[PDB]
Amino acid sequence: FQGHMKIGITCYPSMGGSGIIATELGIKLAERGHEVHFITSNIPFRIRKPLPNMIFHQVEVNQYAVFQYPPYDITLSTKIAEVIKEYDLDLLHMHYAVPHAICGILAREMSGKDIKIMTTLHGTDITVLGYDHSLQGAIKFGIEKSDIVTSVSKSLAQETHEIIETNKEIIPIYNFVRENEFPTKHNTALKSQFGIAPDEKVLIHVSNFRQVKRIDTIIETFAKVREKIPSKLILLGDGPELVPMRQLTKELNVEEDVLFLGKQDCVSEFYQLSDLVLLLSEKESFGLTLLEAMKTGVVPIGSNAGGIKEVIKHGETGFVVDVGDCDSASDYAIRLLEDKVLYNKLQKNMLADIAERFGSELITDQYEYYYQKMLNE
Amino acid sequence: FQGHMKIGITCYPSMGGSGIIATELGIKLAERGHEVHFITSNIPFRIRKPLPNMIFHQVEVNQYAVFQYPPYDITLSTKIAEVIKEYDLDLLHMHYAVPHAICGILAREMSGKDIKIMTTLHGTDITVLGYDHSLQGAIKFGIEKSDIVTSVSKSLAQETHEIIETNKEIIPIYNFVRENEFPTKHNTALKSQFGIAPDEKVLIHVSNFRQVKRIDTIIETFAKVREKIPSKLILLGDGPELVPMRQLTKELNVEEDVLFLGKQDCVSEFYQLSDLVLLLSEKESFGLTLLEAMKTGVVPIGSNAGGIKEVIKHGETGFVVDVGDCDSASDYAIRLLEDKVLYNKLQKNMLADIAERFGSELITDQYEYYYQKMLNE
Amino acid sequence: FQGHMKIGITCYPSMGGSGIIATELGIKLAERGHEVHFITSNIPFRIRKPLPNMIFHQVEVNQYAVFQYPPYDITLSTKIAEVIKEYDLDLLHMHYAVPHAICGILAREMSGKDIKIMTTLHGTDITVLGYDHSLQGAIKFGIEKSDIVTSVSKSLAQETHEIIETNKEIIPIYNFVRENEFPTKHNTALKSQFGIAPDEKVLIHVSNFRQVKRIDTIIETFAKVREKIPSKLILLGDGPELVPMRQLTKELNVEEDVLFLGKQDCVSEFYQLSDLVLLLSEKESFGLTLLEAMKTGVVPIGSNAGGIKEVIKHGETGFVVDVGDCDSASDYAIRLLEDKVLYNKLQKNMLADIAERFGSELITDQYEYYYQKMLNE
Amino acid sequence: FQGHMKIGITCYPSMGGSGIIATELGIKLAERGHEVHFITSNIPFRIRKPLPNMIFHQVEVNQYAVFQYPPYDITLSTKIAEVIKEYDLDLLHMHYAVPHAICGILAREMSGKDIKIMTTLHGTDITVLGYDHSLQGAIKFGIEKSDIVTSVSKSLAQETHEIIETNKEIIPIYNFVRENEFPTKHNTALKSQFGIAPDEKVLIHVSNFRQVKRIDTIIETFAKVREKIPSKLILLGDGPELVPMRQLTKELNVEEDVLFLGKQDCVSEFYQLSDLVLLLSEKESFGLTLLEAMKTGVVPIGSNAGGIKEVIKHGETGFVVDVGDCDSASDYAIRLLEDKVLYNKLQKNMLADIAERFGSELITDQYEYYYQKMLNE
């Protein structure tokens, strides 16, 4: 270890798992005593306590009458460059090849200092290219001009090499949750408040309600489970598929047993009253909602898309089914909700496995290691 | 006919066929003596000559430090409402259910006058819903609160009823080209300038280079044609697939015979040197580039997506193939480039057919008819 | 009182005082048992605990390849309309004439129900019109078609009548802070962490660093205070003037005594170690940072812009100076930092005055009263 | 001269004088035989004829569900970099320090080739900094990392050195009009169409209707002229001040003599029927509308803001008044509309002066000269 580092972090602090990961990583590094600078647009964050060595820099992105589009990329690069000059930063940690790796590359030019840049891929660069190949060259450049590139799963590293066609080494470093924010415990005080009887089994799904999440499979799965087991499906979040999914609960005549609770700041309290977590996505590079529930003690059922099959060990820590397979998913779910022996076995394997592979201290050490490798090249 | 009308038109004047259609329709109505007001954002237009009775109102969409996003919808509605009050408009003709039908509905509220609203669907509302169902309710509302709804093909009207689930009557009114802008003629003066020998056959495709256009099928088709016939493929336009398509011409070793000419203001001069026009799209509600080429005398080969199979009469005015079928497309193309008798026969049927179904005077009469029907309800 | 209400609230949850006010008002109403629905774009919020009767609906604003600008206004109106239909809302509370009053007016149309709409003005509609009169008609319409319009100060109500020229009644209802989030207490544990000696006086300013905040006057004021009194100026926040203001501290040779701490989630802990709060803005309709500091026990010095001179009672609860008058501001500040008798007197008047005029229970009662007045008209 | 150059040009083709200048410069260079590539966003342009050596590359700027803002800067830089690689460009000519100089600087990095970059300042970088200092560092960097920087007037070069504080040399190169697009002639055929009697004097103003244009001074000036001389004021364009200015014509009771004609594609035909052109702006780095009218034969009255007093030679080719001075402006205007001897004298000096200083061939030669100087450094 070469020691204390001055670190600039850029992400979208309010978008999905990537914003949580980048913020919590920054907090962990700050608690060890690194000097951590966040540089994001005018978007809020979740920071429990102020630390003298952790600063949130925020830039306002305004169109004037001069620009055709609000100049996010240039405004953010300028701000990062100003933080580099003012605080003599050692390195940048950018989340996403676009826009943020390019923003860091531009900021290094604007700052005059040859700062090192780590870029972490979360899968959004693959998503973008599924709609539109305009940014293919930018994604490739942001990957190849970063000093080190990481990915939140091995599946994502392989898919990136396929789709972007680069020989750049991509280092898989998994996601983590902060153990103190997700106590392994089970509560029922909140269960009554939301109209769930103590003898009802609770299935939970937490997402942005995009089509890629296949909440249609989740609701189809729940309807089959509901036939055999009195239960509730809790859906946390909001997004594009909200209304189609609400109508699907009426077609399957399960409307009174599906609770659309909206967006929640404190998801751990809802995991604590849950029995099963579902993530049946078509594409998923990691699936932070699974690890959050698993850390709480909730056993997972996932699809075999992307990194979900790295998070869940099929048959040991939970179950993995094919994308779209509501028959198998409801079979596994009914078993787990009937069979305390299976549930307790997977749950105890799961709590041990996530501590060995996804511990916040272990993962921070991995990131910190590659920070110093960058600085010594 | 009840006579002279005061008409407000809103479109995106620079986006694809819809902007051309809405602008040329407005010009035709202005030439008959209607008072025509365009109300669009700060985007240029193509207007040949000023008319005292045709005014272009343009609104600037600025973010300040106050809005999170540039308030296009509200700014435009406000501007339309101001034009309604100042000039006592009789009706609005909005292009797209979103945003523009909603903008007209809001502007009618803001103006205080019960103006009538026609909305023309171009298919972009189906495109939007393929990505994201957030706007499903807005699209349905914009359709159902318009006084009359039209669509640029019968295929689009049926697909709308399927996907939006409304009993609203949708009136098919086809697209047109301005006959004087597309003379039926064949030139070769420009052919040499662009490095095309007089004995070379020319295939032309004109689009926005989005994936839905299947320019991969077009280039695969050309490579098969190139085996038997010395020829050039001219690709007009630019967009997301430019670089992947350029690389595909190197894989098929046809790179020197594919001309990527970029965006062109004056496409008729390129149709005039062309022998075949191709539009092999996966989704296409009309296909204005086909009618433009056909009016020039160029025989078309299209896919059977959407309205293309209404524009081309398969076997009579051109050929229609299955989406992706480069084998059949190259068969038809080689025939047409070898066989003057087939070419001349389809060409003469085509010039007669487009005059009977897509004449600018006929189509303007159809729109003008439904304007007056709205005003008399 | 007519009782329980189903309420939809729309604001920008992450922009300045307006987002805090609208969120905390919603929380207070939810704690009394009203059914409270927030409907905002994909922007985070600060909600301490989940309540079964408080739902956060969040809409994703995406450009496709179809829109020129991300359709915030229409997307949000659609979402509000869906919440109206699904939960049979009684009323909407929109913050800002633009965009949100217009969004609520459009959503009422889209929902089919004649819901009542309250709109609260925060001054941003005056700001917008200082740059650009495009939205003048929209602001006037949003005010005049709301069922009730409020303003966060009397100054703002008068300035609105001047600049928008409407006979609409605007009801002044002041801002508030949540008393439990801002305990009246003084800590020094955090003071050492940030390198402030126990015998140093602390001046604090909290803002978005826009030019209208006149942080140049604040820093000029501090430099004069620093001549007579060992002290630190803490600047919380970030924004456009950060770099010019940092350079101004070098010109005045006070750089080591000005602490640029960045954006902070938990400002109350910094107010708790502060002795004076400064808000010397050119335009300020209320000034939520003053009330937050005052509730903590910190005595204020403000300009006489807008509502600041309604929040501070000059000579009784703090001091008010002319915009730009760093001479007077430093005079008042040196006095307050030398004179415990003056400080304690103003502080005790201030704590009593803010409880009588700005108490969260009192203000919520005022809003709740006008909600029911709307419903009974 | 070192000869033929491969040139990439980036501007906003639809925004004011800068878009006209950059496009016409590119056309002039293409007519001499340079290989000219335009690279802009999905915004139309005005190109009279296709040239094999002039290509318009256009990039689509889409938000997905992944970006918070449409990534204009990165999308455009990527596209420029692709054109650099594909066509082996020698140099970039970027218009505006932000965003376009930064875009070219980023594209040079992305391309791998050390291309030279000229940046032309038009004054928008000063405008931006009047609202908001966030981009100060970006503007300075874009200026200092360009190989050559030009400005459209000497006033703008001096104001830039004041406000940005750089020792970078800025080369003044004036704007021009294309002589063939603005024939020196006077028509009256169009005058009747727009309801102007043959014996009426015509004053014309052409702008974007922003506040900086002081159309209030122009209308106040016209009202004084109207007292002594039967005349019409033609206002071409549209924008934020349209409605306030229309109301000002009612207060001054000149409403029937002010013609709000909207946006016009073909302004030369309106200059041809005009007697006086007015540009009384508070800030104006050149004023392309003046040169267009002057080339048509119309004598100008301007303010002394920025470059207007370089375009107009006060007393020799027209008159210059203080910003806001409607008394002097109406004095000069009444004289010029009464006095054929003065009018003819200034008109003949003006036509000679604009040919010596602002000829399209001369200005293109100046740009071409500095292109080659860049390439030889």
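Note that the chains are named A, B, C and D in the order they appear, and that numbering of residues resets to 1 at the start of each chain.
Here is the rule we go by: a contact is a pair of C-beta atoms (placed from the backbone, for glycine too) under 8 Å apart; a residue touches a chain by one contact, two chains touch by 3 or more.
Novice: Which one of A-D, C-D or B-D makes the same contacts as B-C, at least in over half of the residue pairs?
Specialist: Most of the B-C contacts reappear at A-D.
Novice: Greatest Cα-centroid separation from chain C: which chain?
Specialist: B
Novice: Looking only at C-beta pairs that count as contacts, which pair of chains has more of them, A-C or A-D?
Specialist: When A-D is set beside A-C, the one with more contacts is A-D.
Novice: Roughly how many whole angstrom separate the Cα centroids of chain A and chain B?
Specialist: Centre-to-centre distance between chain A and chain B: 41 Å.
Novice: Between chain A and chain C, what's the gap in Å when you average each chain's C-alpha atoms?
Specialist: About 32 Å, centre to centre.
Novice: For chain A and chain D, what's the span in angstrom between their mean Cα positions?
Specialist: So the centroids are 48 Å from each other.
Novice: Counting only residues that touch at least two other chains, what does the list for chain A look like?
Specialist: 15, 43, 59-60, 62, 64-65, 70, 82, 131-132, 134, 137, 239-240, 243
Novice: Chain adjacency by touch: line, ring, star, complete or other shape?
Specialist: Basically all the chains touch each other, so complete.
Novice: Hey, which chains are touching each other here?
Specialist: A-B, A-C, A-D, B-C, B-D, C-D
Novice: Report the residues of chain A in contact with chain D in the complex, numbered from low to high.
Specialist: Of all residues in chain A, those touching chain D are 12, 15, 41, 43, 59-62, 64-75, 77-79, 81-82, 96, 98-99, 102, 105-106, 109-110, 124, 127-128, 131-132, 134-135, 137-138, 141, 145, 210, 240.
Novice: Applying the document's contact rule, which stretches of chain A touch chain B when the two form their complex?
Specialist: Those residues of chain A that touch chain B are 60, 62-65, 70, 131-134, 136-137, 211, 239-241, 243-244.
Novice: So in the complex, the part of chain B that touches chain D is made up of which residues?
Specialist: Counting only chain B, the residues touching chain D are 13-15, 42-52, 55-60, 65, 82, 86, 132, 190, 193-195, 208, 238-240, 242-243, 246, 261-266, 269-270.
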